[PDB]
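Working notes, structure below.
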Amino acid sequence: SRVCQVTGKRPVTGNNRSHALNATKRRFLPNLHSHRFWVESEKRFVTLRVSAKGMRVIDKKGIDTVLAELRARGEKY
Amino acid sequence: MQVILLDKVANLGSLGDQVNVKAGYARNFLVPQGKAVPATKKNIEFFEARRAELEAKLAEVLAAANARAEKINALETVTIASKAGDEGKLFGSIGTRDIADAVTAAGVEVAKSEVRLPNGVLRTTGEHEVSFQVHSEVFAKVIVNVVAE
RNA sequence: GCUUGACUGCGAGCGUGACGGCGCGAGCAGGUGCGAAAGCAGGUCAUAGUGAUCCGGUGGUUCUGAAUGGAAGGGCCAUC
RNA sequence: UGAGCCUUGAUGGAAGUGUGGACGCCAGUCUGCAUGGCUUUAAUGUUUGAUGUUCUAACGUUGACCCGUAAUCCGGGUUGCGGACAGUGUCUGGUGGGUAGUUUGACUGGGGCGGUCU
RNA sequence: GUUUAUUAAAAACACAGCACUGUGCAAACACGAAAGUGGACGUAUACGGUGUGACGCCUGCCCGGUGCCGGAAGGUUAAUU
RNA sequence: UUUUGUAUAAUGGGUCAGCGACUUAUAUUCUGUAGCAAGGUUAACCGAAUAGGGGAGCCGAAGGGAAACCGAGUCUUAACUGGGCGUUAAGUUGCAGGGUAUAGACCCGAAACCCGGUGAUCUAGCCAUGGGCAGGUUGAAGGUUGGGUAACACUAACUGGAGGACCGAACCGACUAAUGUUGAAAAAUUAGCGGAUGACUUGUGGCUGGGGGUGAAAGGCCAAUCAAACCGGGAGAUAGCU
RNA sequence: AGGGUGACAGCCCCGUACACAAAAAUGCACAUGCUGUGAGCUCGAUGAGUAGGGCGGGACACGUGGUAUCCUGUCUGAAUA
RNA sequence: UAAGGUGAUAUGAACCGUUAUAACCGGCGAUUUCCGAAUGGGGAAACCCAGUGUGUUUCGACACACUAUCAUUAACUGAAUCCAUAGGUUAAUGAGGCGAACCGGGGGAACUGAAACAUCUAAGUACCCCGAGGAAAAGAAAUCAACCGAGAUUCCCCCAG
Ligand SMILES: [Mg+2]
Ligand SMILES: [Mg+2]
Ligand SMILES: [Mg+2]
Ligand SMILES: [Mg+2]
Ligand SMILES: [Mg+2]
Ligand SMILES: [Mg+2]
Ligand SMILES: [Mg+2]
Ligand SMILES: [Mg+2]
Ligand SMILES: [Mg+2]
Ligand SMILES: [Mg+2]
Ligand SMILES: [Mg+2]
Ligand SMILES: [Mg+2]
Ligand SMILES: [Mg+2]
Ligand SMILES: [Mg+2]
Ligand SMILES: [Mg+2]
Ligand SMILES: [Mg+2]
Ligand SMILES: [Mg+2]
Ligand SMILES: [Mg+2]
Ligand SMILES: [Mg+2]
Ligand SMILES: [Mg+2]
Ligand SMILES: [Mg+2]
Ligand SMILES: [Mg+2]
């Protein structure tokens with residue numbers, strides 16, 4: 001699917017709009033890098049496709065506070 | 001990313017100490033392993049007195065060695081037999097070990113550490129002012145006198 | 001020789017254009033210059049020497065300015 | 001190794017007798033290692049960028065095992081290798097008939113050529 | 001040998017041979033938004049692309065222009081600050 | 001019909017019958033007409049529904065200036081002159097018609113463009129698995145022996161049987177001529193012709209999809225279609241032309 | 001009203017206004033039973049990778065324009081009645 | 001409900017009813033082959049092959065029934081690795097696929113008009129795709145106003161071409 005998984009950040013669509021204002025359909029893909037996360041509490045080195053910034057959240061909230069929803073949200077993981 | 005160090009952590013770690021760092025260092029090493037932890041308030045606030053548990057909880061409660069300066073000082077006439085030695089010298093060896101537990105009958109037992117005698121007290125009879133060394137700062141007022149039989 | 005009329009505001013009424021425009025103009029008002037004065041001067045003896053609009057630039061202005069005071073911006077005049 | 005900030009030097013506890021540097025009105029010398037009675041540049045910390053090193057712990061492995069599993073996929077683990085490189089996302093200079101949409105004037109003794117266009 | 005089924009069978013294409021050029025393997029390159037796959041269960045005596053076209057004798061001079069290769073010290077130069 | 005001009009040998013019509021083209025909506029402006037008149041009229045909606053209510057609002061009774069502003073004046077200007085535009089204009093709301101605007105805008109008609117699907121039962125490659133090739137000829141490499149040599153070369157018989165080899169049916173192809181050309185046939189028939197153990201030919205099924213495939217390269221082939229297939233849609237594309 | 005009956009019918013026929021009709025099955029208003037919901041009051045608390053921001057785009061009638069406001073892919077990042 | 005009936009081309013035959021369920025009409029059920037999401041596996045749809053059980057049986061087995069996948073949950077199992085997960089089994093529920101328009105969302109043309117054509121227009125239209133209900137969406141101000149105030153959203157007419 002190519003989603004942020006943690007922020008659901010999917011690839012949006014826009015226009016290149018180069019010089020001369022020439023319109024050209026495109027799309028803005030997120031970041032994602034599938035990071036190795038150590039929940040520790042669960043003693044499991046869980047992994048999942050995240051995305052920069054959207055990953056800065058996993059740190060500000062907590063691998064747990066994050067997985068809080070996610071899993072609860074139904075997301076596999 | 002600040003997090004609280006949990007050990008050596010080279011040029012920054014100080015144990016139970018929190019300092020700045022990089023997210024690349026944390027959530028990749030400083031943490032996943034056992035060397036830090038996020039500074040989400042609780043990590044500090046829920047531990048504000050954690051350091052006071054000793055610098056307070058375990059600091060003022062300690063006054064046993066101190067109370068000696070007054071208690072081990074309120075003794076009535078302190079003197080220890082040092083066995084005379086023909087008007088002058090002595091026969092026995094009265095120094096620290098003695099003026100640091102000469103109270104066995106009173107049950108007020110102690111150690112030979114609490115003593116006030118830099119050097120061995122020559123075999124004389126002078127006012128053996130061997131206070132309690134048990135406490136550093138506030139020592140005590142323990143004496144004794146060279147006696148004999 | 002002396003000067004700056006190659007001035008500013010307007011203009012009876014005409015010529016020429018499909019139109020946008022282009023041209024001629026006595027006289028009026030303010031101030032100028034030449035002449036004793038009558039007067040002449042609103043560029044060159046005349047007919048070529050040139051680009052609409054838009055979009056912006058520059059100086060001016062108490063015209064406007066989205067709650068009010070300002071300001072950006074807009075208009076008006078000059079001009080690129 | 002430049003960039004700066006902090007602190008410490010040179011302009012603006014007693015001589016005299018060996019031995020460094022710092023440019024030079026040199027008719028200069030100033031400043032350091034044995035003996036004798038607040039502007040310009042330099043170090044240390046320091047934070048910041050730049051080269052280039054080594055490390056592992058992200059990240060890669062289409063090396064070797066193990067388990068799912070009587071599976072040359074996939075997933076988790078062990079180890080080896082590589083390593084903040086590679087790669088990807090946003091932005092950004094170049095290149096880009098590979099692809100795409102279009103333009104490429106009128107007069108004219110037919111059209112073109114030539115010439116013309118106020 | 002092949003070719004315009006249905007006006008062209010040829011002097012056209014292909015060919016064996018030749019030369020240049022790329023590619024060290026997760027190859028170059030190609031299909032694909034990706035995963036994956038062909039190349040190849042191959043590995044430079046190999047694979048792709050280009051031009052020439054058995055074989056014999058040969059294959060001269062020009063690097064100014066265009067392109068490709070190598071250098072990049074210096075001039076100019078993007079986002080960024 | 002189209003033309004400067006047609007009996008024109010310039011277009012269209014074999015004939016008949018039925019069908020076949022300036023409409024419709026909202027707006028705007030005129031003209032006729034009706035109502036009311038410095039006033040005219042409501043919209044939605046309510047509704048004892050074509051009534052009645054509702055005057056939100058629209059137009060008109062004042063214009064000038066770029067405007068602030070001013071006002072039968074107002075701008076222009078220092079101008080308190082002149083000049084421009086205004087002031088001694090009846091408007092408004094229905095109804096019918098003329099014209100315009102927006103829409104398919106009288107009707108019919110492209111060659112194309114874009115989107116989503118259907119097609120490799122024809123054909124082009126390729127994949128897997130089966131089949132076919134009467135007869136006749138040529139005689140390579142290798143070899144056994146005789147000779148030959150220091151030994152090898154070398155050589156001669158016989159043996160052996162190669163080859164995008166030779167002749168020629170089936171089979172595959174398509175060089176020539178005739179005939180056919182409203183055919184027997186939307187590419188054939190007849191007489192010749194080329195390849196015929198190979199880059200051969202063929203059955204069965206499979207994979208490549210449209211700006212894509214495939215191609216021993218002709219723009220050839222991709223279902224009698226190809227300089228971008230076919231079907232449905234955008235769509236009544238647009239058509240200063242007929 | 002309308003329809004039929006051997007030509008056009010209020011009175012031939014079926015209907016027609018009108019008046020009534022449901023074992024059952026359900027739409028929906030209410031009405032209440034059970035399960036779930038939890039009112040009500042006192043004292044609280046009052047929505048952070050968020051608002052803003054830089055870069056690329058998109059939405060607003062508004063084509064970056066002097067251009068607010070809204071969403072953002074990408075990098076950041078606050079006050080806290 | 002009622003004297004007529006066995007739908008039609010369809011007569012005929014053979015019949016059922018003339019008071020009270022003959023036929024016919026509406027309610028509610030019983031049955032309901034095979035294909036088809038198609039669901040036991042497979043497959044050129046309407047056919048082919050299996051497992052485990054049974055009503056039975058003369059007990060050959062005749063058929064019939066249950067067995068897809070995923071999600072949540074519960075129980076029982078249970079690897080690399082002590083634990084622990086992953087994986088597995090079972091049961092329970094729920095989904096699955098049809099659909100005319102309307103609606104929310106994801107992606108999104110060109111012809112065309114500009115008398116050419118890029119910006120611009122056609123148009124967020126055609127079209128494809130996911131989802132939902134009888135409505136969907138939206139909705140109780142970090143909204144407007146303008147120093148007076150109004151008071152969520154939605155639809156209508158004005159504002160105004
Ligand atoms: Mg002249
Ligand atoms: Mg082109
Ligand atoms: Mg076009
Ligand atoms: Mg011409
Ligand atoms: Mg030949
Ligand atoms: Mg031909
Ligand atoms: Mg031929
Ligand atoms: Mg050639
Ligand atoms: Mg040649
Ligand atoms: Mg040559
Ligand atoms: Mg003619
Ligand atoms: Mg004729
Ligand atoms: Mg007729
Ligand atoms: Mg042959
Ligand atoms: Mg032959
Ligand atoms: Mg023949
Ligand atoms: Mg075939
Ligand atoms: Mg064809
Ligand atoms: Mg259209
Ligand atoms: Mg089945
Ligand atoms: Mg099935
Ligand atoms: Mg056009």
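Residue numbering restarts at 1 in every chain; chains get A, B, ... in the order shown in the structure tokens, and ligands count up from 1 in that same order.
The interface of chain H with chain A at 12 Å, considering only C-alpha atoms (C1' of nucleotides), consists of residues 71, 72, 83, 84, 85, 86, 106, 107, 108, 109, 118, 119 and 120 of chain H.
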Got a sec to check which residues lie within 8 Å of ligand 4, using only C-alpha atoms (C1' of nucleotides) and all ligand atoms, and send them as a PDB file with N, CA, C and O atoms (P, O5', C5', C4', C3', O3' and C1' of nucleotides), in the first residue's frame?
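Once everything was written out, this is selection_33.pdb:
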ATOM      1  P     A D 106      -0.404  31.633 -45.131  1.00  0.00           P
ATOM      2  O5'   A D 106      -0.759  33.047 -45.779  1.00  0.00           O
ATOM      3  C5'   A D 106      -1.997  33.696 -45.495  1.00  0.00           C
ATOM      4  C4'   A D 106      -1.966  35.122 -45.992  1.00  0.00           C
ATOM      5  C3'   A D 106      -1.728  35.361 -47.482  1.00  0.00           C
ATOM      6  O3'   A D 106      -2.944  35.273 -48.222  1.00  0.00           O
ATOM      7  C1'   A D 106      -0.337  36.792 -46.202  1.00  0.00           C
ATOM      8  P     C D 107      -2.899  35.004 -49.807  1.00  0.00           P
ATOM      9  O5'   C D 107      -2.257  36.330 -50.411  1.00  0.00           O
ATOM     10  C5'   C D 107      -2.914  37.589 -50.287  1.00  0.00           C
ATOM     11  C4'   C D 107      -2.089  38.662 -50.952  1.00  0.00           C
ATOM     12  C3'   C D 107      -1.740  38.369 -52.395  1.00  0.00           C
ATOM     13  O3'   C D 107      -2.777  38.903 -53.214  1.00  0.00           O
ATOM     14  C1'   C D 107       0.209  39.034 -51.202  1.00  0.00           C
ATOM     15  P     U D 108      -3.405  38.011 -54.397  1.00  0.00           P
ATOM     16  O5'   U D 108      -2.150  37.658 -55.311  1.00  0.00           O
ATOM     17  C5'   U D 108      -1.381  38.702 -55.890  1.00  0.00           C
ATOM     18  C4'   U D 108       0.027  38.238 -56.173  1.00  0.00           C
ATOM     19  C3'   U D 108       0.276  37.320 -57.350  1.00  0.00           C
ATOM     20  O3'   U D 108       1.434  37.793 -58.021  1.00  0.00           O
ATOM     21  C1'   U D 108       1.198  36.370 -55.388  1.00  0.00           C
TER      22        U D 108
END
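You will find atom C1' of residue 50 of chain D at 24.1 Å from atom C1' of residue 6 of chain D.
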Distance filter 12 Å around ligand 20, atoms: only C-alpha atoms (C1' of nucleotides) and all ligand atoms, out as a PyMOL selection string: chain H and resi 34-43+45+47-50+67-68
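All residues of protein, DNA or RNA that reach within 10 Å of residue 6 of chain C, judged by only C-alpha atoms (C1' of nucleotides) and not counting those fewer than 4 positions away in the chain, are residues 42, 43 and 44 of chain C.
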Would you put the residues from that selection into a file with C-alpha atoms (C1' of nucleotides), as a PDB file, in the first residue's frame?
ATOM      1  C1'   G C  42       2.587  77.306 -27.745  1.00  0.00           C
ATOM      2  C1'   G C  43       9.853  74.564 -31.884  1.00  0.00           C
ATOM      3  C1'   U C  44      12.205  74.068 -36.950  1.00  0.00           C
TER       4        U C  44
END
Atomic distance atom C1' of residue 101 of chain H - atom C1' of residue 122 of chain H, expressed in Å with one decimal: 25.9 Å
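Each residue with an atom within 9 Å of any atom of ligand 5 appears in the list, which was built counting only C-alpha atoms (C1' of nucleotides) and all ligand atoms: residues 1 of chain E; 194 and 195 of chain F.
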